[PDB]
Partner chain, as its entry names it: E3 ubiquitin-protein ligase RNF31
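Starting off, we have a lone chain in the form deposited without the partner chain, written out as structure tokens.
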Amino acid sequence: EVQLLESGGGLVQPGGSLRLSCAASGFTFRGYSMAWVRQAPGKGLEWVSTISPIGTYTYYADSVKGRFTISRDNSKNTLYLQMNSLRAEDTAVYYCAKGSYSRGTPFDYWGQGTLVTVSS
């Protein structure tokens, strides 16, 4: 019943822009921190950004500061990642992540992934 539905990936040249979206079902956004993580080809998962439940606080990996913006719309149950000044090294599958209050993990649900290709 819990679902995180991603969209927005695509193919761009360096300097391009994309907006990822993550629509949620089966829980209400307001209660939870949300995050974006990404897996670059042949690498391990890397954290991108986290946003607090009401959006008061946002956090960014050093590699995306000033270029990416996380935001959320709690009445829409949707999480966003605005990606500007895209770099080849941003090429990755991007996942949204639902914050959790369980002691077994700080995030207990992830989207299905959307591919971001920055090339040429």
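Shifts are known only where both forms have a C-alpha. By rigid core we mean the largest C-alpha set that fits within 1.5 Å across both forms. Numbering follows the first chain given and starts at 1.
Per-stretch averaging of Cα B factors for 26-34 and 64-72 places 26-34 on top. Taking the mean C-alpha B-factor of each stretch as recorded, 36-44 and 79-87 are not equal, and the higher mean is that of 36-44. Among all modelled residues in this chain, the alpha-carbon of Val12 has a temperature factor (C-alpha) in the highest third. When all modelled residues of the chain are sorted by CA temperature factor, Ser52 is found within the middle third.
Looking at the C-alpha B-factors along this chain, the one for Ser102 belongs to the highest third. In the PDB entry, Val2 places in the highest third of its chain by CA B-factor.
Another form exists, solved in complex with the partner chain; not displayed. Remarks below refer to it.
The closest non-hydrogen atom of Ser21 lies beyond 4.5 Å of the partner chain in the deposited bound form. Of the heavy atoms in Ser17, none are within 4.5 Å of the partner chain in the deposited bound form. Although the partner is absent here, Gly9 sits far enough away that none of its heavy atoms falls within 4.5 Å of the partner chain in the deposited bound form. With a 4.5 Å cutoff on heavy atoms, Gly31 counts as touching the partner chain in the deposited bound form. Residues from 47-68 that approach the partner chain in the deposited bound form with a non-hydrogen atom closer than or equal to 4.5 Å are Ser52, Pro53, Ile54, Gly55, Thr56, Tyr57, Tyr59, in the order they occur in the chain. After superposition on the rigid core, the Cα of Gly104 moves by 2 Å or more between this form and the one not shown.
Here is what shifts between this form and the one not shown when you lay the two on the core: just one run of at least 3 residues, every Cα off by 2 Å or more, at 100-106.
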